[PDB]
Amino acid sequence: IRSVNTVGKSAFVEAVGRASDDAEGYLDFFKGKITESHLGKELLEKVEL
Amino acid sequence: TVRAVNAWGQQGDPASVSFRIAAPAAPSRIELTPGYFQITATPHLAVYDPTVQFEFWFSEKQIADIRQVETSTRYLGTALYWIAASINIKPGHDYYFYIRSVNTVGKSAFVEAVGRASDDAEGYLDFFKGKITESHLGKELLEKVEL
Amino acid sequence: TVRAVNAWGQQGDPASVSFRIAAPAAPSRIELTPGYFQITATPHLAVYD
Amino acid sequence: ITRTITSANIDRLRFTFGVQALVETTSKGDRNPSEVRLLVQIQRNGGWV
């Protein structure tokens, strides 16, 4: 990233960033809500037996 | 005050007028669209001011006083909207946006908007229809469904 | 450089000042908040411009 | 400071004071005035009037 304006441009600065660490929070509110149709067909035929 | 003068330098009777430059008005309303762990807040004024922006401040808990906003809350930024997205932001818990109008002249008093994230229902789960098949399940779930 | 003149057009001794218009400085720090497949980066300078 | 002018043919005294800078920086920007106060005192025998 660098600073920009009508006069000139500055030297770049580096920032190393990561995405979310895949916490269960993004799953915590799926609590009791994937039941009947969101699962793969092989999983359906393996759980119906 | 305006005075007329002739070519001899003699000023005339004064004519006066009075006007006023005042701080921008507070926003009339705030539209709070929930999102996926995010809230998009868009303010709207009673009259449109092309020379105004909006400062946003965030609170996970409500404050009755509107004077310690600069001290008891976190500064978010100035824009025409705000998309507050964070992992620490979770649905089911109310959040408070204290917003104000900002320009080169002055700052207006804050206005409170209480917003919620999305209800996190089948709208975000019909996207998953027939797709959690073989590897996304936890290990205990694997060893319980293989038997 | 500023010089004073009288009503006869005669200039005076010059008085000099020097200033500088420079490119904006590089950002001091970068706050990188991760998200769901997204990264929100907000820079911050040593002095606000 | 005090300077003890002790001159001979003075008639009136002119003081050239001032302020180096009066800004009052805050968070981000929006600097404000500072409202300083100074005092100029005469010898006046012993009482610093």
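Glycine also receives a Cβ, built like all others from the backbone with ideal geometry; neighbour counts cover every protein chain displayed. What follows draws every value from the coordinates through simple rules; no lab data is involved.
Provide, as a two-decimal number, the C-alpha radius of gyration of chain C over 2.2 N^0.38 Å, N being how many residues it has.
Values: Rg = 24.6 Å, N = 49, 2.2 N^0.38 = 9.7 Å.
Taking N as the residue count of chain C, the ratio is 2.54.
Among the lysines in region B:28-147, how many pairs, 8 or more places apart or on different chains, have alpha carbons under 28 Å apart?
Here the count comes out as 9.
Per-residue ellipticity at 222 nm for chain B, helices alone: DSSP H runs ≥ 4 residues times -39500 (n - 2.57), over residue total, nearest 500 deg cm²/dmol? Intermediate values should be presented prior to the final figure.
Details: 2 runs with 11 residues, N = 147.
Counting only the DSSP helices, I get -1500 deg cm²/dmol.
Taking chymotrypsin sites (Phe, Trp or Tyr not before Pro) as candidate sites, keep only those in a DSSP loop with at most 12 other Cβ atoms within 10 Å, then name the longest stretch of chain B containing none of them. Please list the in-between numbers first.
Working: sites that count: B:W8, B:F19, B:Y48, B:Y81.
It works out to B:82-147.
When a footprinting reagent is the concern and you count Cβ atoms within 10 Å, what order do B:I21, C:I39 take, fewest first? Walk me through the numbers on the way to the answer.
Values: B:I21 6, C:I39 13.
Placing the least packed residue first, the sequence is B:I21, C:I39.
Within chain A, how many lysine pairs that are 8 or more places apart, or on different chains, have C-alpha atoms less than 30 Å apart? List each step's numbers first, then the result.
Numbers: A:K31/A:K41; A:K31/A:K46; A:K33/A:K41; A:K33/A:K46.
Counting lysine pairs in chain A gives 4.
Taking chain A, which trypsin sites (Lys or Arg not before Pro) meet the DSSP loop condition and have no more than 11 other C-beta atoms within 10 Å? If you can, show how the numbers build up before the last one.
Numbers: sites: A:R2, A:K9, A:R18, A:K31, A:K33, A:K41, A:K46; in loops: A:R2, A:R18, A:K31, A:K33.
Passing sites in chain A are A:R18, A:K31.
In whole Å, what are the Cα extents of region B:85-147 along the three principal axes, biggest one first?
Cα extents, longest axis first: 71, 21, 20 Å.
How big, in percent, is the set of alpha carbon pairs in the protein assembly as shown lying more than 31 Å apart? Walk me through the numbers before you get to the answer.
Details: 26910 of 43071 pairs.
Of the Cα pairs, 62 percent sit more than 31 Å apart.
Could you work out the relative contact order of chain C, using alpha carbon pairs under 8 angstrom and six or more residues apart, expressed as a whole percent? All intermediate terms of the calculation are to be shown ahead of the outcome.
Numbers: 49 pairs, mean separation 12.3, N = 49.
Result for chain C is 25 percent.
For chain B, just run the numbers: alpha carbon Rg, then divide by 2.2 N^0.38 Å, N being how many residues it has. Provide the component values of the computation, followed by the final result.
Details: Rg = 26.8 Å, N = 147, 2.2 N^0.38 = 14.7 Å.
Rg over 2.2 N^0.38 Å, computed on Cα atoms: 1.83.
So which trypsin sites (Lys or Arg not before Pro) in region B:95-147 are both in a DSSP loop and have at most 14 other Cβ atoms within 10 Å of their Cβ?
Those satisfying the criteria are B:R116, B:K129, B:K131.
Mind listing which trypsin sites (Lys or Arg not before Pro) in region B:1-87 are in a DSSP loop and have 13 or fewer other Cβ atoms within 10 Å?
Working: sites: B:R3, B:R20, B:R29, B:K61, B:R67, B:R74; in loops: B:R3, B:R20, B:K61, B:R67.
Here the sparse-neighbourhood loop sites are B:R3, B:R20, B:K61, B:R67.
Along its principal axes, what span do the Cα atoms of chain D show, with the longest given first and each in whole Å?
Sorted from largest, the Cα extents of chain D read 54, 22, 15 Å.
What is chain B's relative contact order, in percent, from Cα pairs under 8 angstrom and six or more apart in sequence? Could the numbers behind the result be given before it?
Working: 237 pairs, mean separation 35.7, N = 147.
With pairs under 8 Å counted, the relative contact order is 24 percent.
HN-Hα J couplings of region C:43-49 from phi, Karplus 6.51/-1.76/1.60, θ = phi - 60°, integer Hz, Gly and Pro as x?
Running phi through 6.51 cos²θ - 1.76 cosθ + 1.60 with θ = phi - 60° gives x, 8, 8, 5, 10, 6, 10 Hz.
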